[PDB]
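# Inside the fold
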Amino acid sequence: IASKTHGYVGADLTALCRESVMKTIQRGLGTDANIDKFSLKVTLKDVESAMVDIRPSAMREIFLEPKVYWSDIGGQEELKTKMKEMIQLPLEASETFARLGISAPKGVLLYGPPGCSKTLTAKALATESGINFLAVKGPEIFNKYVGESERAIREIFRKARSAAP
Amino acid sequence: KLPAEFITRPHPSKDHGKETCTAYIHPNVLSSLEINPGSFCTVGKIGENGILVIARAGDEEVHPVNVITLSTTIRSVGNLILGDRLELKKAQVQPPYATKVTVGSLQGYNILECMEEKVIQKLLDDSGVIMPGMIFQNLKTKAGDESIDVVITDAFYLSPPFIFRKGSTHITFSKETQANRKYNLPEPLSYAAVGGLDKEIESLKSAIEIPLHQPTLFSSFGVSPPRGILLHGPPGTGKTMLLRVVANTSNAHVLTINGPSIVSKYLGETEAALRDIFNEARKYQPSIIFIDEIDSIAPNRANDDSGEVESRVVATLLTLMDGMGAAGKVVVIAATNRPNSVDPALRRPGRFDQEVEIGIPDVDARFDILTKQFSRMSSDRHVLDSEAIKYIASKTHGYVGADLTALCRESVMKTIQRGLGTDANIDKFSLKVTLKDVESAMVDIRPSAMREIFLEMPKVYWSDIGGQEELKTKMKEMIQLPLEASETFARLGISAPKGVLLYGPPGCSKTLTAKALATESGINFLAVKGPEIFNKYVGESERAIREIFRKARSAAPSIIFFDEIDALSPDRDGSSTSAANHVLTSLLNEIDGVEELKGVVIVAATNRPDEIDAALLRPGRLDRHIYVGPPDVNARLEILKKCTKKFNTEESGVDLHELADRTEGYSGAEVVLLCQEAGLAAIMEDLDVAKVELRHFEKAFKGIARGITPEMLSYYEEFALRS
Amino acid sequence: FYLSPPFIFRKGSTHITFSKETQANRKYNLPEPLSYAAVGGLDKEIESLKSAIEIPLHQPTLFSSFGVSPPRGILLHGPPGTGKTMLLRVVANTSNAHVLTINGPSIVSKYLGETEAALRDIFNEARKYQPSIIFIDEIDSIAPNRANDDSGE
Amino acid sequence: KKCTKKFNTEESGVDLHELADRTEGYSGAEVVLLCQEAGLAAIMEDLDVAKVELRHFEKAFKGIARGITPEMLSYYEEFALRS
Amino acid sequence: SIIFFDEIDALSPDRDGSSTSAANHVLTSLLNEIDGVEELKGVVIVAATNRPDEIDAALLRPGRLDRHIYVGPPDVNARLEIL
Amino acid sequence: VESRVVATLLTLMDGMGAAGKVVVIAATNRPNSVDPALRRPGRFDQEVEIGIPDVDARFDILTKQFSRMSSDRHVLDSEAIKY
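Positions are assigned from 1 on a per-chain basis following the written sequence, which can diverge from the numbering of the entry; residues without coordinates are not listed. To read the labels, note that chains go from A and ligands from 1, taken in the order they are written. Each value listed here was derived from the chains shown, which are themselves a piece of a larger assembly. Calculated side-chain values reflect all of the structure's heavy atoms, with hydrogen atoms and water omitted.

Per the deposition metadata, cryo-EM was the technique used to determine this entry, at a resolution of 3.8 Å.

Okay, here's the thing in structure tokens:
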């Protein structure tokens, strides 16, 4: 249920539980003709029905977080090794960089043919690594924010900087 | 003190006789009005020429000064719902003796219990009787179970007072559903009046009964059941009627927010009134709060930054409503014309989570509404069988139901005017109501809600299409599986196609095939016009897409059809506009996204895929392709079969095979145009003709041209090969 | 009627029974106080809030000796429905210090000096007692941006 | 292999090497689409089916197209060489 | 009644000189008013244009403004009669 | 509450005598938003401009703050403050 509760938040979860309880009560009243509520209990099917019935009120989120492992991608392990040991150094070997010197690469470019799995590989790496991951879609933020795009960019950058590497 | 208004409460005492025709008024009020206890008191609902003379006076200090109790026996006549203000008048008239009285029965049973001991014992205690015939629960029917209600119809002033004495007058037994119409007595609203919203009314009844009648269950559950119900829909759908009927059918207290009347120039007056009404609702356990036109009372704070009489009232009402205890049984009802203008704070699923959606009635719902209206109307004043009502409902599509009431009223006006004009004030019994007058009124007045978010195209069967059944079978096996075999898909894994693209030459029957499949399937069908949403709304197109998608998701799995999508993606030809990019990205992130979207199936039709960007045509979205090209010989022959069946064929000297062979290069629209031209040519000579000759067909064929070039067909073929 | 009817206790008339219950009977509709375990999933945030309330309140002498102007305002910002009001209610219930809240629009009236007088009175009351906590809800509605809206009424 | 793990493989009558050889010109999204089409073709025959044959896979491969032209690949390669 | 338009070429400028929002709005309005759910039996629509080149192809479809009249220059008889 | 206040402030400032040793000083975040009548060099001719302190000024402020805090509660060298 929690995995299928990505969009809901707090009061949304409470409203979903309340809707599930209401659906259970209504189903019991309709079927068993006012039977004792002790035996009605709560079923996962009713929870799913309530979740379908009422959508989250916070669907529009500035940052988007699904967990996926390395078994799903099934890559050559060459690109996987590249992604594993090109960006792990700046986040973990900060002291090594400080003592040795030089500057971090601080940049990754992913260009490829359409229909590839760059996003899937990035999500798998983010799930495998313990570092916090923030993903924001490009066209969906600057298109509808003629002047608020700068504010959103500053907000996401400062949130990423403050909330750990 | 000077109490301008009084509140109403039922009598705690049981049984009948003692509780009826009695009042519980504080002695201080009676002393100010110098009303003797052995006199008659008049109560009126804020006026409306109401008198309602009743006997006896109040006693005991247990009740507050403002509250006055007169039981529901009298309130059932003048529709004196709980919470209505009452007025006391000093003037009174001594009732005279009644005569030639009669008694009826609300139920089907007529003339039962002639001894009527309960009625007989009521004779001695009948003081201050009134003509409208107080409705009694009848208690126990002296074996036989059930209960029979009694009503008296015959016995300036709304109801003339009378004195009932045994022996002087004779009681007559009869049966009538309601009172006589010559006395213009109000008719209480019942659930039978509301029709076409059985699911909606059932949901409202459940959402009212659960927190009110059984609050202890949720109190033990510790869930804090919601106290706010939102009814959002187009105007004229009977939301006010629903609010009124749910109040009438419920014995709990009813409180209605006036809105603008409550709001005054004083800043604290609104807060004081809201606090007073909330305290009154909380003091008595059974009570229902009604807020008519919540949108006007509580507008969007973000849209309009008005802190004068908008922000403060919203804040205070939300704080008061959030602060009530869970053990109480109080329900707040809010009705709005549009949910978008409602403030998002009130739309948060913490205060108004329970939302009831009311839409435009479909064919069966409209037919049910018409039948209910005709049954409510006197049956002897009109004759209309089932087929006539079905035809009227089919011809009635843009009307909302207030439009239906207006149509009925205009039909009555037209019938009266025609009768007086023609027959020179004849008796209205013979005039009756004719379908021709109804059609004339329908032509006269256009629907007030023609602009609709979704269009319900009347049903069409497979016989009209007359296809080769190959494309029909393909569509049957394509999109029916994700709608019915969801469990099979889950067992087998993978994902649903969740997309169908209908690209073909202009003048085809892709829309006709989609409509026929929607008619054949029992699943709900939703249709959206392409150019009618994004072009009209430069910025509101995104909100329209959001609301239509959420409505489709909520109202069960369904198939959505778009007439045109080529104009929806002009990002490649003639530059890219902000609205075009917005609608394109909305379509993309709705078709593919975090949501699995299994039940929802999207079908898109376009005139040419040239105006469609390659982003839309990607694997996993609209992958399936249908040629839906021009009809073949069999389809043209079968569609010409209907035309040949319309008139006589054997003596017309035409053969189906030769007609199909000659007209092989035309499409269905071209075939229909040729048939229409041939029919017009045939009927132009010798006026009406029972048959059409082949010369007319040849003239129609030579006069008109198909207008289709082979290059576009080759382009479509190579696009299909490329895809 | 009555939230809780009064009772009279005397020896011998009634017999005392020993049991164990987390709360009282549900039929008495008594409000249930919210504890720390009521809210979950915000361990870091709740720990930060706990430190930010404990250090200035329980240990004012250390910062007075430091003279580093200890902070007095704690800002809780986030999407609606996250549970900020729950944190405020929990910290109000679990703290024995004085609790004061501002209605906001209700306090604001047509008189320009009435709001100022009410604010002066409420902060004077807060300063009268050494342990005090001030709660303000919907500051943006009460005090919007001056640059965005040029309304000084 | 991950896609076919849902059902059996012993009685499917398909070999791993030829499946990769035939679908060499496709991509991961194309492979997923082909698998979905093959599953749909299998389930539209004889109602529910517990297995899928090679004929369904061949039909799905024939019906669908990769939709990618080598000029984009050459442009990407020359951009990579330039960068 | 019969509805006659003095000019209709300027009503569909969507093909020449770009496509303004108002032009598209009026074009779709006339289109869905001429053809729609309403039968529109008594109402007759007559369209007049100086040059049919400025008319969009989507307007010229069967069932909508299909009938065409050459209405060319008058002959010697008509010219004599009007003279 | 703006034009009248500005006008009366200007009148009062112009009415101050030379003998009287009365001075009025005000602080503003932005000088551009200030009314140019006040900015005219007849009532507010003297102006004190404070900009962004450089590294040396910041270092001096930090050293002064740490000296006020006193070393009994912290230990740091000049290199740390400079960094």
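### Considerations on the interface of chain A and chain B
Only heavy atoms enter the contact rule, under which two residues are in contact if any of them lie within 4.5 Å. Taken residue by residue, the interface counts 19 residues in chain A and 22 residues in chain B. Both sides together, the interface formed by chain A and chain B hides about 2,100 Å², and carbon and sulfur atoms give 58% of it. In the sections that follow, a salt bridge refers to a side-chain nitrogen of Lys or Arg positioned within 4 Å of a carboxyl oxygen of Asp or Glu. Along the contact surface separating chain A from chain B lie 2 salt bridges. The shortest N-O distance in the salt bridge between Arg-18 of chain A and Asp-353 of chain B comes to 2.6 Å. Definition of a polar contact: a pair of N or O atoms within 3.5 Å, with one able to donate and the other able to accept a hydrogen when the atoms are protein atoms, and with sequence-neighbouring residues admitted only if both atoms are side-chain atoms. The tally of links from chain A across to chain B stands at 6 residue pairs in polar contact. In this description a helix means any DSSP run of H or I spanning at least four residues, a strand means any run of E spanning at least two, and both kinds are numbered starting from the N terminus. Among the elements that take part in the side of chain A that touches chain B, helix α1 (residues 11-32) of chain A stands out by supplying 10 residues, more than any other. Residues are sorted three ways: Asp, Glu, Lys and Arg are charged, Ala, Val, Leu, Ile, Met, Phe, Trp, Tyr, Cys and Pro are nonpolar, and all the rest, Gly among them, are polar. In terms of residue class, the side of chain A that touches chain B is built from 8 nonpolar, 3 polar and 8 charged. Using a 1.4 Å probe, buried area is obtained as the accessible area two parts lose upon being combined, added over both of them.

### Side note on the arrangement of the chains
The structure contains 7 pairs of chains in contact, of which chains A and B account for the largest number of contacts. Taking C-alpha atoms as the reference, chain E and chain F come no closer than 41 Å and do not contact one another.

### Some thoughts on the packing of helix α17 (residues 470-484) of chain B against helix α19 (residues 510-520) of chain B
Residues and elements named next belong to chain B. Running from N to C, α17 and α19 cross one another at 55 degrees; their axes reach a closest spacing of 11 Å. On the basis of the axis angle, α17 is oblique to α19. At the point where α17 passes α19, the crossing takes the right-handed sense. Seen from α17, the contacting residues are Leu-471, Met-475, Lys-476 and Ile-479; seen from α19, they are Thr-513, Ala-514 and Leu-517. Of the residues that constitute the contact of α17 with α19, the class distribution is 5 nonpolar, 1 polar and 1 charged. A fitted line through C-alpha atoms represents every axis, and for helices the fit uses only the stretch in contact; the resulting angles, taken between N-to-C directions, go from 0 to 180 degrees. Here the word oblique covers every angle except those under 35 degrees (roughly parallel), over 145 (roughly antiparallel) and from 65 to 115 (roughly perpendicular). Left-handed describes a crossing whose near helix is turned anticlockwise from the far helix by less than a right angle; the clockwise case is right-handed.

### A look at the sheet that holds strand β7 (residues 171-173) of chain B
All names here are of chain B. Strands are treated as partners if at least two bridges between them are detected by DSSP. Taken in spatial order, the 3 strands of this open sheet run β6-β5-β7, and their pairing is mixed. The sheet is open, and its two edges are formed by β6 (150-151) and β7, each paired on a single side. Pairing of strand β5 (residues 101-105) with β7, which is carried by 3 bridges, proceeds in the parallel orientation. Bridging across to β7, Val-103 finds its partner in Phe-173.

### What about the nonpolar core?
Residues and elements named next belong to chain B. Within the largest apolar cluster, 25 residues are counted, with the highest numbers of intra-cluster contacts made by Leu-526, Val-528, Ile-560, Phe-562, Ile-565, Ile-602 and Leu-616. Secondary-structure elements contributing two or more residues to this core are β13 (500-503), β14 (525-528), α20 (531-534), α21 (540-554), β15 (559-562), α22 (578-591) and β16 (601-606). Among the elements that line this core, the one with the most residues is α22, at 5 residues. Among buried residues, those of type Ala, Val, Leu, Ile, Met, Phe, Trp, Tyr and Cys that are joined through side-chain atoms within 4.5 Å constitute a nonpolar core. For every residue, the accessible area obtained with a 1.4 Å probe (protein chains only) is divided by the maximum for its type, and the residue is called buried under 20%, exposed over 50%, and partly exposed between those limits.

### A word on the pattern of salt bridges
Residues and elements named next belong to chain B. Taken as a whole and judged by the stated rule, the model has 39 salt bridges over all chains. For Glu-590, the salt bridge is made with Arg-553, and the minimal N-O distance between the two is 3.7 Å. Placement of the pair is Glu-590 in helix α22 and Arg-553 in helix α21, with a sequence separation of 37 residues. Each of the two residues, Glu-590 as well as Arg-553, counts as buried. A cluster of three or more residues bridged by salt bridges with shared partners is formed by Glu-542, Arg-546, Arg-553, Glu-590 and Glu-595.

### Quick word on the interface of chain B and chain D
Of the residues lining the interface, 14 residues belong to chain B; the matching set on chain D comes to 15 residues. Interface area, chain B with chain D, both sides summed: about 1,400 Å², of which 62% is carbon and sulfur. There are 1 salt bridge connecting chain B and chain D. As a salt-bridge pair, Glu-37 of chain D and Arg-624 of chain B come within 2.8 Å of each other at their nearest N and O atoms. Our enumeration of links across chain B and chain D arrives at 1 residue pair in polar contact. With 4 residues, helix α18 (residues 486-492) of chain B is the single largest residue contributor to the side of chain B that touches chain D.

### Description of the packing of aromatic side chains
Residue and element names in this part refer to chain B. Ring pairs shown here join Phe, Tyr and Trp side chains whose ring centres sit within 6.5 Å, with only the six-membered ring taken for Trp; geometry is labelled stacked below 30 degrees between planes, edge-to-face above 60, and tilted in between. Taken as a whole and judged by the stated rule, the model has 10 aromatic pairs over all chains. With a centroid separation of 5.5 Å and an interplanar angle of 35 degrees, the aromatic rings of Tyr-715 and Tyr-716 are classed as tilted. Judged by relative accessible area, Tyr-716 falls into the buried class, the value being 5%. Taken together, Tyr-715, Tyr-716 and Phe-719 form an aromatic cluster joined through their ring pairs.

### Digging into the sheet that holds strand β9 (residues 253-257) of chain B
All names here are of chain B. Strand order in the open sheet formed by 5 strands is β9-β10-β11-β8-β12, with parallel pairing between adjacent strands. Each end of this open sheet is capped by a strand with a single partner; those strands are β9 and β12 (354-357). For this sheet, the mean inter-axis angle between neighbouring strands, taken without regard to orientation, is 20 degrees. By the bridge criterion, 5 bridges tie β9 to strand β10 (residues 287-291) in an arrangement that is parallel. By the bridge assignment for β10, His-253 is matched with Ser-287. Against the sheet, helix α7 (residues 267-283) contacts β9, β10 and β11 (330-336), and its axis sits at roughly 165 degrees relative to β9.

### A closer look at the pairing of β14 of chain B
All names here are of chain B. Across the two faces of β14 the burial is the same, with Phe-525 and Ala-527 and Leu-526 and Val-528 all buried. Sheet topology note: the β14/β15 ladder contains 4 bridges and is parallel. When the bridges of β15 are listed, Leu-526 appears paired with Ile-560.

### Some thoughts on helix α25 (residues 668-684) of chain B
All names here are of chain B. The end-to-end C-alpha separation of α25 is 24 Å, in line with the 24 Å expected for 17 residues at 1.5 Å each. Along α25, the residues classified as buried are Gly-668, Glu-670, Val-671, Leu-673, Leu-674, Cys-675, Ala-678 and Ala-682. Where α25 is buried, its residues touch α23 (633-646), α24 (656-662) and α26 (694-703). Among the residues trailing α25, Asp-686 stands out with phi positive, at a value near 60 degrees. Multiplying one less than the number of residues by 1.5 Å gives the expected span of a helix.

### Topic: the side chain of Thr-336 of chain B
Residue and element names in this part refer to chain B. Looking at the secondary structure, you find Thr-336 in strand β11. Within polar-contact distance, the side chain of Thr-336 engages the backbone oxygen of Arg-338 at 2.8 Å. Residue contacts for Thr-336: discarding those within four places in its chain leaves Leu-231, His-232, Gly-233, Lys-239, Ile-294, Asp-295 and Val-342.

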